[PDB]
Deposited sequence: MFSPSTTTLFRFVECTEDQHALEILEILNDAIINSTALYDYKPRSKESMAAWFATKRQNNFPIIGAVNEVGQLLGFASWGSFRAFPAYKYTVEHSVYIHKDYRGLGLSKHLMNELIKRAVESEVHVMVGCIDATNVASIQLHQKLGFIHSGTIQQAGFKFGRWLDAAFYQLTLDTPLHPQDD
């Protein structure tokens, strides 16, 4: 032969179904990581706006759930820079539940988001990563992201300066890009 077995299935996350689990995941990230550039845990109210922005913008929120429907992680994107000519560029994020790490869920979610990007005629995906976060950088390089550069000491967290490394993936889409 060759404990337990866990299912992961991709779903479109909805405010009704996952607001609470998503808030929980984001807050762990806020508290114990240089991932999110928040200090204070987000509120229930804040989460409501988060969903509304993704809805208005048709930003995907792709979740991975187990057999019980418990959210194991999600991946999403939003605007990278809020100016009109950045229309074909998004910034992605992926967050895994503190109980389901080191199983490769980040990679599987990222691949599903990359497929969705191609489908949505995205040209560039940008990831902003703490420059010391070796594991995340490595995951992004495995997916074909390339180091675009690093803004030194752009962030301040846990009482110290942090470097924001940017990693980008350029897709064959859109075939026919146009000005607004």
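J.: Which residue ranges of the deposited sequence are not present in the modelled coordinates?
T.: That part of the chain that was deposited but carries no coordinates is 3 to 4, and nothing else.
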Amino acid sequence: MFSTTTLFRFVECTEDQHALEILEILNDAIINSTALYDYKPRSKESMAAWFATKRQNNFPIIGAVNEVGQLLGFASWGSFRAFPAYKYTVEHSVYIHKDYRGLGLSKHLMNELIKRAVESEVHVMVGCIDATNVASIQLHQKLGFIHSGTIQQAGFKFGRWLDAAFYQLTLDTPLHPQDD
From here on, numbers count along this sequence of modelled residues.
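J.: Mean C-alpha B factor from the entry: is it higher for 134 to 142 or for 40 to 48?
T.: It is 40 to 48.
J.: So 62 to 70 or 119 to 127, which one's hotter by mean CA B-factor in the entry?
T.: Mean C-alpha B-factor is greater for 62 to 70.
J.: Between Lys98, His92, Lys87, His108, which carries the biggest CA temperature factor in the record?
T.: In the PDB entry, the greatest C-alpha B-factor among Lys98, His92, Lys87, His108 is found at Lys98.
J.: Going by the deposited entry, which of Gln152, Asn27, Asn57, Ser148 has the highest CA temperature factor?
T.: Of the options given, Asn57 has the highest CA B-factor in the PDB entry.
J.: Should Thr170 be placed in the lowest, middle or highest third of its chain by the C-alpha B factor in the entry?
T.: For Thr170, whose C-alpha B-factor we compare with every modelled residue in the chain, the answer is the middle third.
J.: Against its chain's modelled residues, does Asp163's Cα B factor rank lowest, middle or highest third?
T.: According to the entry, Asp163 has a C-alpha B-factor in the chain's lowest third.
J.: Can you work out whether the C-alpha temperature factor of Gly104 puts it in the lowest, middle or highest third of the chain?
T.: Within its chain, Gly104 is a highest-third residue by C-alpha B-factor, going by the deposited values.
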